[PDB]
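As a plain string of letters, each chain reads:
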Amino acid sequence: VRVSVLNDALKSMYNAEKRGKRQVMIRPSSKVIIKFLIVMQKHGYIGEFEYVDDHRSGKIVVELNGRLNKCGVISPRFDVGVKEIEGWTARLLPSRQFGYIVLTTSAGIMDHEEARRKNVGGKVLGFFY
Amino acid sequence: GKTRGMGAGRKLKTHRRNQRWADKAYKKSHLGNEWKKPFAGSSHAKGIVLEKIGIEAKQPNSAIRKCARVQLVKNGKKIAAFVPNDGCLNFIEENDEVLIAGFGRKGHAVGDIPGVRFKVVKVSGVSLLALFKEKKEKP
Amino acid sequence: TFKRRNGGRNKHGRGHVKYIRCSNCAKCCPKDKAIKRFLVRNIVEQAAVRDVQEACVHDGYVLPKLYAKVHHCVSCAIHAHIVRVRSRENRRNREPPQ
Amino acid sequence: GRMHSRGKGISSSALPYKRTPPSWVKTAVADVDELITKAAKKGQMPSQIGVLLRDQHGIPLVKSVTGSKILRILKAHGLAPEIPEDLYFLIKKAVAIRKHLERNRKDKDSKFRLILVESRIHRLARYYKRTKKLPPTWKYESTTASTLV
RNA sequence: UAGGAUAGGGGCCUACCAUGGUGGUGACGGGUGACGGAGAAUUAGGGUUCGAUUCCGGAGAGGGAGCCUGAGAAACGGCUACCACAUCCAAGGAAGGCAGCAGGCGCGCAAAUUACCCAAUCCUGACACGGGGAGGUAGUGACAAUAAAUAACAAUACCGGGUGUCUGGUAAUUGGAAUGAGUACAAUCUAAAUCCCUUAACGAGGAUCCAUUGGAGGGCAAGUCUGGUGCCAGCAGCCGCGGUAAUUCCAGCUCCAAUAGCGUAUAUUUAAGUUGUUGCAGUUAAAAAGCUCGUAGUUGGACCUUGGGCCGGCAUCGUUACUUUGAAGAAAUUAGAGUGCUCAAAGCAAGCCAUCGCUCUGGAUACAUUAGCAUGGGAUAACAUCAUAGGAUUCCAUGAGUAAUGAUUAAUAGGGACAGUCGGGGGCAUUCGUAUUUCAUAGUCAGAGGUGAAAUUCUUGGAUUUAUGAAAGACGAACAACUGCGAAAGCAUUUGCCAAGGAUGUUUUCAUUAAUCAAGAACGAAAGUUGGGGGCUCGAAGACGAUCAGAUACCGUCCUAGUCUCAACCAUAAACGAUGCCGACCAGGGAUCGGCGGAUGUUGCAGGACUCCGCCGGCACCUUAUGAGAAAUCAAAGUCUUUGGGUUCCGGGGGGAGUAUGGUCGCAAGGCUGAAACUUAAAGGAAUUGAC
Ligand SMILES: [K+]
Ligand SMILES: [K+]
Ligand SMILES: [K+]
Ligand SMILES: [Mg+2]
Ligand SMILES: [Mg+2]
Ligand SMILES: [Mg+2]
Ligand SMILES: [Mg+2]
Ligand SMILES: [Mg+2]
Ligand SMILES: [Mg+2]
Ligand SMILES: [Mg+2]
Ligand SMILES: [Mg+2]
Ligand SMILES: [Mg+2]
Ligand SMILES: [Mg+2]
Ligand SMILES: [Mg+2]
Ligand SMILES: [Mg+2]
Ligand SMILES: [Mg+2]
Ligand SMILES: [Mg+2]
Ligand SMILES: [Mg+2]
Ligand SMILES: [Mg+2]
Ligand SMILES: [Mg+2]
Ligand SMILES: [Mg+2]
Ligand SMILES: [Mg+2]
Ligand SMILES: [Mg+2]
Ligand SMILES: [Mg+2]
Ligand SMILES: [Mg+2]
Ligand SMILES: [Mg+2]
Ligand SMILES: [Mg+2]
Ligand SMILES: [Mg+2]
Ligand SMILES: [Mg+2]
Ligand SMILES: [Mg+2]
Ligand SMILES: [Mg+2]
Ligand SMILES: [Mg+2]
């Protein structure tokens, strides 16, 4: 059964990205999916995306710009403090120069650099680079 | 495939605990049978030369390996120990005092010698190497 | 090493299929696996039809046909040249000859 | 897919986006309420009351015209059945299967279907107990089940 | 519950009463070559292994038990008894406890002096003062570890590189200088001695003041040198070497690696992504349970603050996980700041004007899982709380108000209902068919049968063959398909009945009810077992004929159990797609089955048959990677070092072996669970070239 809609969204988006598609459809939508997409768009890895209200769960149509190499969730959502971020950076990321890890801290959903800025920890949602 | 739940620590721990037994080395060490070997978990041992024997080397080799049937003094078991360094069978006599060691493969036959896992290191309190190189004489 | 995708038979979506018996050796072979042919021939051949034509009482008698569906096991079919051994690339060719 | 099969069929209904009832519906809430209550008096049930409303009386969806579901309406009026409809029909089917299987002891395919339907009955009963829709002392007794239906 | 006892709580014990307490979240029981911890080794990270030993806690004084004194002991360098040892003895008795220091025996692969002293650190006593095998000092000590000699320079002779000069290298050649290993006055060290540090005098040329341990085929740096041996002796961790020319054995020379260190054996860390949480595998290499149901466990759709800018009191409260900050946190060890012990491993010292002293000299700081305590955060998660209002808010001692009155939507999640269908899905009864065998009637006469060829067998009493008819049992051809149904096994003549099911259609209903599943259950080809019936054909066992060197086989004929059925057992198959189930995404194409929507123009007849388009569901098929893979190949076996959707089972080189034994189910045959000793360097998968 659909146990993690975030994984389905990220996997469909990555599969469409590898095939050179310019748009991708994500169903069902959710607030955490929207926040993850907002972070990715703010850092400049995707472009426009619009939520469509189907009165049941909503869909998302996302516009790709070819800049996204990989994006994927981490399951189960392990708990990381501020001192463990570096370790996870050495595991999920290509290099220390770029890449991003998404954390769902109690201050919201953000990237790992912002979490270090605010000195807060939380669980790991996924990653993208 | 694997159980990836965050609440599934017990399942993973128990599964690994069960599956460690298929390991050859782990099962060898944790079954406790290593104490029933002649050395009983000792690096060396001491013994009495019961007799001097020769064993034909396994095919395709062709030679006679000068071994020695000895009896350990710590438990009374009878084992065959190799005698290297040609001419060193002469130094060994009957009912003599020898120090035996493993052959090198940790309880496995070494070389073409059929079923020999020990080698003679000392005889009558003198090393075979010293007698072989004429550094020492048998007392 | 799997020589054939279908395993040498024609079974999909079912578990059991009743067998038949080879017409030469009477060996039980699954119905779909057996080499089945339908042979239709004159009762009397060309050397005989001429001599039976005038011997027939009336000219309106059409010569009767005979129809037989025969089944062969793989061994009998190969030994009788019903089906030969084909090359690796020609094995997949399911097109009937002519 | 199906809980007790290998099917993957997806046939179902598709409610319209417009939640408001259509303009041509000129039936007041009182008429719909009286019709539902009369049907419940006539031994009907919510699933087979909704279809009667949809077909004969031109009511596309009860939740639109009256603003509430059929079961909620019946419970507010106090005419709701003591047993939920789905459990009632599952129990009826199991009773029929047992009645047939009593005389056919070699029909070892209806025994398997009986096991399946009893498993579904028990799962539904457990769910209805968890939400206090059934008495906590409720229990599915096969011998006396037929008396219930 | 009430007492007793204890310093005190308490079934700690007594009387009475009740039937409770723990357990697949592993109780109970067993093993430990198990004292626990701080810690040790190796460590990219995670980890694996160890932890008798000097710091903390516990326990013991040969093995158990009992006790006195005392503030403190169930004390043993205290007593009493028993058991086991063992000591004198005048044979009546007496005295014992090194797992304290040293030493001895024994055990072993395995561990030093029966030395000196209270000088230091501290402890104890009436005590400044005695004492201390605690502790320190010397002796042995290649456990481990730090620094570091065994020669440097010039000339001459020889040989190289930038006719010539310079540079650079070798000579048991020639010179001089330098020095400590050693020896020793002496002082210093020290409780007293000794070692070190310092230093008179002596002390190096083959500077004999003499470097060793392993190797020289590959892995792996170094010889196809010489002599010996001749599948012998031997070497060889693995591959391998030696059979008269040995680069591998025995030696010489030469060379290589490490160097005052090296070799060997065991244990285990890495290597090992060959234990895989990070991070392995399961079509064919070992490894998906025959199939489905199913509790515990694990895992579970979406939805509810955003705009908002700025920037001492006083309550009474959903609970947690997570995350931040704080506190408390033994030292030693580890990381780490300072510091020139001559350096270093170390130590916690010291440094400076050249003092009748100073720097208040320093003697930092982290980490320290988990559990516990406290502060802030509320994103992500778990629990119950959610519509009979039994709801919230008012008035009425020192009943009327009251409000926005209170219910998220209905998942291309699931269940149930309904409608027309669909299927070789199931049970019961019933109907039909040719063939086979048997029998009955009738006809003719010489062979029939079977074989590569024959015989065993039948036959003038008529075999084989022909026609008619009856009976019996089994079996359902052709139609029949890269077609259908079923959880799988499996299911194929007609008709009636009975219950069930998928898919499709739906503006019907409920509202998370779900996925997978230890334990526990249904069903499970064929063969097999217990009885009853039936018993045509075929046919394990058996017999005979034939072939053959032989034939307990393949080929012929006759046949028993069986093959069919009813009531019970078994629980296995190449039970196969050698591919567990659920979910999402990612190429194209045509055909086909079921349902539905539309168009279409023909039927000796709206609808049915046919044609065209589309949607959902299913069995498959074809082409191609831009994918994967050891490849065969796979549109899933793809979306994997750019590794993580959920969940069950299961593999760890080949044998021994699915064997032994225990447990358990079965009437039995057997099924489920299931080792070890020992042996072995390969076994195996896919593809390639030859040979056959
Ligand atoms: K075939
Ligand atoms: K007490
Ligand atoms: K006292
Ligand atoms: Mg083959
Ligand atoms: Mg099917
Ligand atoms: Mg089958
Ligand atoms: Mg009391
Ligand atoms: Mg009592
Ligand atoms: Mg112990
Ligand atoms: Mg300890
Ligand atoms: Mg000690
Ligand atoms: Mg202690
Ligand atoms: Mg004690
Ligand atoms: Mg003792
Ligand atoms: Mg005592
Ligand atoms: Mg003592
Ligand atoms: Mg004591
Ligand atoms: Mg030692
Ligand atoms: Mg040599
Ligand atoms: Mg080399
Ligand atoms: Mg030679
Ligand atoms: Mg592996
Ligand atoms: Mg195989
Ligand atoms: Mg296999
Ligand atoms: Mg299977
Ligand atoms: Mg959720
Ligand atoms: Mg038929
Ligand atoms: Mg069909
Ligand atoms: Mg089970
Ligand atoms: Mg099996
Ligand atoms: Mg169709
Ligand atoms: Mg194995």
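Residues numbered from 1 in each chain as written, not as in the entry; some residues may be left out. Chains lettered and ligands numbered in written order. Part of a larger assembly, values for the part shown. Heavy atoms only, no water. Residues with missing side-chain atoms left out of burial classes, pairs and counts.

K.L.:
An account of the overall build of chain B is requested, with residue identities and associated values reported.
P.N.:
A count of helices and strands for chain B gives 3 helices and 6 strands. When its helices and strands are written in sequence order, chain B yields α-α-β-β-β-β-β-β-α. Projected onto its principal axes, the C-alpha positions of chain B cover 70 × 35 × 25 Å. Across the 139 residues in chain B, those meeting the buried criterion constitute 27%. Taking all contacts inside chain B whose residues are at least 6 apart in sequence as the whole, residues at least 24 apart take part in 50%. Element-wise, carbon and sulfur atoms account for 52% of the exposed surface of chain B, whose accessible area totals about 9400 Å². (Helix = DSSP H or I, 4+ residues; strand = E, 2+ residues; numbered from the N terminus. Buried < 20%, exposed > 50% of the residue type's maximum accessible area, 1.4 Å probe, protein only. Contact = heavy atoms within 4.5 Å. Areas by Shrake-Rupley, 256 points an atom, 1.4 Å probe, with all protein chains shown as cover.)

K.L.:
Can you tell me about the pattern of salt bridges, naming the residues and giving the values?
P.N.:
Residues and elements named next belong to chain A. Per the stated rule, a full pass over the model turns up 12 salt bridges over all chains. A salt bridge links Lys123 to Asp79, with the nearest nitrogen and oxygen atoms 2.4 Å apart. Linking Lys123 in strand β8 (residues 122–128) with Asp79 in strand β5 (residues 79–80), this pair joins segments that are 44 residues apart in sequence. Accessibility expressed as a relative area gives 36% for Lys123, which makes it partly exposed. Look at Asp79 and you get partly exposed, because its relative accessible area is 45%. One salt-bridge network, held together by shared partners, links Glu86, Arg96 and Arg116. (Salt bridge = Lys/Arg side-chain N within 4 Å of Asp/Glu carboxyl O.)

K.L.:
Please set out the pairing of β8(A) residue by residue, giving values where relevant.
P.N.:
All names here are of chain A. In terms of residue burial, β8 counts as a mostly covered element, since 6 of its 7 residues are buried. Across 3 bridges, strand β4 (residues 71–73) lies against β8 in antiparallel orientation. Following the sheet pairing, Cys71 is matched in β8 by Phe128. Where β5 and β8 come together, 2 bridges link them in antiparallel fashion. Across the sheet, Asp79 pairs through a bridge with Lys123, a residue of β8. (Pairing = 2+ DSSP bridges.)

K.L.:
Break down the interface of chain A and chain D for me, citing the residues and quoting the values.
P.N.:
Between chain A and chain D, the contact holds 4 residues from the first and 4 residues from the second. Of the roughly 380 Å² buried at the junction of chain A and chain D (both faces included), carbon and sulfur atoms supply 38%. Contact with chain D buries surface across chain A, with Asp53(A), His55(A) and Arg56(A) losing the most and accounting together for 97% of the total. Where chain A meets chain D, there are 0 salt bridges. Linking chain A with chain D are 4 residue pairs in polar contact. Of the residues assigned to the side of chain A that touches chain D, the class counts are no nonpolar, 1 polar and 3 charged. (Buried area = accessible area lost by both parts, 1.4 Å probe. Polar contact = N/O pair within 3.5 Å; in protein donor to acceptor, adjacent residues only side chain to side chain. Nonpolar A, V, L, I, M, F, W, Y, C, P; charged D, E, K, R; others polar.)

K.L.:
Account for the sheet that holds strand β3 (residues 59–63) of chain A, naming residues and giving values.
P.N.:
All names here are of chain A. Taken together, 3 strands build an open sheet; the order of strands is β1-β3-β2 and the sheet is antiparallel. Looking at the sheet topology across the chains shown, the edges are occupied by β1 (23–26) and β2 (49–52). For this sheet, the mean angle separating the axes of adjacent strands, direction not counted, is 15 degrees. The sheet contact formed by β2 and β3 spans 4 bridges and is antiparallel. The residue of β3 that forms the bridge with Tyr51 is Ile60. Relative to β1, helix α1 (residues 5–18) is tilted by about 160 degrees, and along the sheet it contacts β1 and β3. (Axes fitted to C-alpha atoms, helices over the stretch in contact; angles between N-to-C directions.)

K.L.:
Requested: an account of a nonpolar patch on the surface, with residues and values cited.
P.N.:
Residues and elements named next belong to chain C. Residues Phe38, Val40 and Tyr67 make up a contiguous nonpolar surface patch of about 350 Å² in total accessible area. Looking at the element boundaries, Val40 is found in strand β3 (residues 35–42). Judged by its relative accessible area of 40%, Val40 falls in the partly exposed class. (Patch = residues over 30% accessible without salt bridge, like charges linked within 9 Å, V, L, I, M, F, W, Y side chains within 5 Å.)

K.L.:
How would you summarise the protein's contact with RNA strand E if you had to cite specific residues and measurements?
P.N.:
Near RNA strand E there are 168 residues, and of these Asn7(A), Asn119(A), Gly1(B), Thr3(B) and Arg54(D) occur at the shortest range. Within 4 Å of the protein, the atoms of RNA strand E are drawn from sugar and phosphate moieties in a proportion of 71%. Here a phosphate oxygen of RNA strand E sits 2.2 Å away from a polar atom, N or O, in the side chain of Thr3(B). A distance of 2.4 Å is found between a base nitrogen of RNA strand E and a side-chain nitrogen or oxygen belonging to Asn61(B). Considering every element that reaches the surface near RNA strand E, the biggest residue donor is helix α6 (residues 110–130) of chain D, with 12 residues. Looking at the surface near RNA strand E, its residues break down into 47 nonpolar, 52 polar and 69 charged. (Near = heavy atom within 4 Å.)

K.L.:
Which residues make up the arrangement of the chains, and what values go with them?
P.N.:
Taking contact number as the criterion, the leading pair out of 2 pairs of chains in contact is chains A and B. In this view chain A stays clear of chain C, with the nearest C-alpha atoms of the two still 26 Å from each other. No interface is formed between chain C and chain D, the nearest pair of C-alpha atoms being 14 Å apart.

K.L.:
Which residues make up the layout of surface pockets, and what values do they have?
P.N.:
All names here are of chain D. The calculated volume of the second largest pocket comes to roughly 940 Å³. What lines the second largest pocket is a set of 26 residues, and nearest its centre among them are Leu15, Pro60, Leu61, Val62 and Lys63. Sorting the residues of the lining of the second largest pocket by element identifies α2 (46–55), α3 (62–65) and α4 (70–77) as the ones contributing at least two each. If you tally residues by element for the lining of the second largest pocket, the top one is α2, at 5 residues. Tallied by class, residues from the lining of the second largest pocket come to 13 nonpolar, 6 polar and 7 charged. (1 Å grid on protein atoms, 1.4 Å probe; cavity = no way out; pocket = protein on both sides within 12 Å on 5 of 7 lines; lining within 4 Å. Points joined across faces, edges and corners; volume = space filled by probe spheres on them.)

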